[PDB]
Amino acid sequence: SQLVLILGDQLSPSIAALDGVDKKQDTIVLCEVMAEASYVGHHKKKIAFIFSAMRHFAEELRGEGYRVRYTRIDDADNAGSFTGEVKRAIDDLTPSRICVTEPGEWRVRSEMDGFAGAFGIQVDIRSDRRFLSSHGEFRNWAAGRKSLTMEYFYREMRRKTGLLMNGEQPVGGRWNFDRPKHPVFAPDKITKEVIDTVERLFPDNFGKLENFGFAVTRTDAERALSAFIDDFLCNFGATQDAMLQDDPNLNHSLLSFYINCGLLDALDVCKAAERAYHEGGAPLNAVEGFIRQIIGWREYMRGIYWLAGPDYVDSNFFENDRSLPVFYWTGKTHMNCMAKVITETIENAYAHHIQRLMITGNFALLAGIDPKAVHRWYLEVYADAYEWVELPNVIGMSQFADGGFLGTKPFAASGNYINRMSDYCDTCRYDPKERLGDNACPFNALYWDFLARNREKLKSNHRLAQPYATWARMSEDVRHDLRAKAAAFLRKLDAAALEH
Ligand SMILES: Cc1cc2nc3c(=O)[nH]c(=O)nc-3n(C[C@H](O)[C@H](O)[C@H](O)COP(=O)(O)OP(=O)(O)OC[C@H]3O[C@@H](n4cnc5c(N)ncnc54)[C@H](O)[C@@H]3O)c2cc1C
Ligand SMILES: Cc1nc2c(=O)[nH]c(=O)nc-2n(C[C@H](O)[C@H](O)[C@H](O)CO)c1C
Ligand code: SF4
């Protein structure tokens, strides 16, 4: 007999751990355990989504003739951790070996590495076939290459998969090329019970549970993918970086949550976009861009995470110590852009790429926040957030706390960028055209202060040469007044964070 452990982000009937299962003899284990629901203060909607999808996935496996041992969060006898439930199901089932698909967190991986010793039974940890590249392949692609960039990896993924390839050439001669309501799925009985249970057990957690609309079945997630292809995929590249106060979704797909937990397969999503391309329903730039986000960025981020090692989380290139601002938890800031995106995050457990990078992340970058505080908040607030995908985006891409290890440039931008790409300023109490004075957008002074105080470390970064040139053309008193303006704003933040 076999004990097949399946984690909350492994909700696919093709997950590796299921290869070679004897439906008559083996038992699948799913457990809602407190260790996983509390290692960070997850968004209420995140906990609700995961538990619901784990429950529906349990029912689905039972529906496919699998034997499933489920453990709910408020079940008594619940041992509170993966290992504990592993003990219970062992004693229970006296199985011949444990089978599990490798996880997406160093924390969980390490626990699971402890199984073979803890139980004195052979543990079979299987490589997660949901990723195009294994750890060894990513290591070997990166080995020797004195600079990591997503692009090169992406091209190797394009060749590997055959997506948008005309044999050995990229479709359209080049690898690279840079509204209706979104679907809502009404909570069924299971989901409503979960929502109630979560609100009961995690009432102080970040976020609201009101208007939960997530797909929690494979079918509904496939319906969200289909709705994306039909309604938004055609305009996906045309608005990738735009923000709108009245529209939190725009042409984004909102599929990450399903992809990241096994309700959708990344490769199938790409094939959907490609199929749409050939049938004429989307331009090549939008479909290439879309796919590049999945077999490029997503795959590359996972590779970076496992390559950098667990202490990657400690990266602090600029040696920041400042605590996270209080308004990331409350959204009560006069900065309209930050108030909108944070409020959306509180309400919806979602924000699109450019929001995470250029509003809340950009702010945290310019403000010199302890990178670890930033990683923590990103991992908690979004229902697509797991350390393998969140951490490289935060440490590497947004915060540059790894010093550019993953090839990106510093994404520091002023109120000029945000005014240019959004309509948040239109109703903000701050003036983004003003950099000094009490009405000045905080991002202007903060942008220059960031560049100034980190000048030694960013001196030789070609991308910032124009800004430094401009810095150097300002009178000394202008540079002084800007830095002081920044310091006064940071003061206000540090003061607010003292009440703690
Ligand atoms: C600070 C920060 C934190 C982030 N944290 C996460 C996270 O915890 N989980 C997560 O899945 N994504 C994360 N991203 C990437 C990106 O913001 C989200 O994947 C995207 O907003 C998800 O919504 P969507 O599915 O509508 O994306 P779309 O705009 O529809 O893009 C298509 C798909 O590509 C993938 N994708 C796009 N960009 C990235 C990226 N930078 N890294 C990895 N995959 C990407 C997603 O699977 C996404 O569903 C983060 C980015 C930043 C700057
Ligand atoms: C909140 C939460 N709860 C559970 C759970 O009860 N059971 C489970 O298997 N997984 C959960 N997850 C996902 C995991 O904690 C972890 O992030 C993934 O296993 C990473 O591979 C999360 C994020
Ligand atoms: S003005 Fe500065 S703060 Fe007010 S919204 Fe535009 S950018 Fe955000």
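We count ligands from 1, going down the list as the structure has it; atoms in each ligand are counted the same way. Position 1 is the first residue of the sequence, and the numbers go up from there.
- Atom 20 (C) of ligand 2 has as its closest protein heavy atom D9 OD2, 3.1 Å.
- When the heavy atoms of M301, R292, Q293 are ranked by distance to atom 36 (N) of ligand 1, first place goes to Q293.
- Close N/O approach between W297 and ligand 1 is not found [any backbone or side-chain N/O within under 3.5 Å].
- For ligand 2, none of its N or O atoms has an N or O atom of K46 under 3.5 Å away.
- For ligand 2, the atoms closer than 4.0 angstrom to any heavy atom of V33 are 6 (O).
- Taking only non-hydrogen atoms, the option from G104, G8, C31, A383 nearest to atom 7 (N) of ligand 2 is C31.
- Ligand 2 has no N or O atom lying under 3.5 Å from any N or O atom of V108, backbone or side chain.
- Between the choices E390, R356, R302, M358, the shortest heavy-atom distance to atom 13 (C) of ligand 1 belongs to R356.
- The shortest N or O to N or O distance between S398 and ligand 1 is not below 3.5 Å.
- Counting heavy atoms under 4.0 Å from ligand 1, residue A351 touches it through the backbone alone.
- Across the listed options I354, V381, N260, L379, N260 owns the non-hydrogen atom lying nearest to atom 11 (O) of ligand 1.
- In the vicinity of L7, heavy-atom distances shorter than 4.0 Å reach the ligand 2 atoms 9 (O), 19 (O).
- The shortest N/O to N/O separation between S253 and ligand 1 falls below 3.5 Å.
- Shown in contact with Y39 at under 4.0 Å from a heavy atom are these atoms of ligand 2, numbered in order with element: 15 (O), 17 (O).
- When non-hydrogen atoms are compared, ligand 2 lies under 4.0 Å from neither the backbone nor the side chain of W388.
- Nearest protein heavy-atom neighbour of atom 12 (N) of ligand 2: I50 CD1, 4.1 Å.
- Scanning the protein for heavy atoms near atom 16 (C) of ligand 2, the closest one is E36 OE1, 4.0 Å.
- Nearest protein heavy-atom contact of atom 13 (C) of ligand 2 is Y386 CE2, 4.0 Å.
- The closest approach between a heavy atom of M54 and any atom of ligand 2 is below 4.0 Å.
- Looking at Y350 against ligand 1, only its side chain comes within 4.0 Å, counting heavy atoms.
- Residue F290 has no N or O atom closer than 3.5 Å to an N or O atom of ligand 1.
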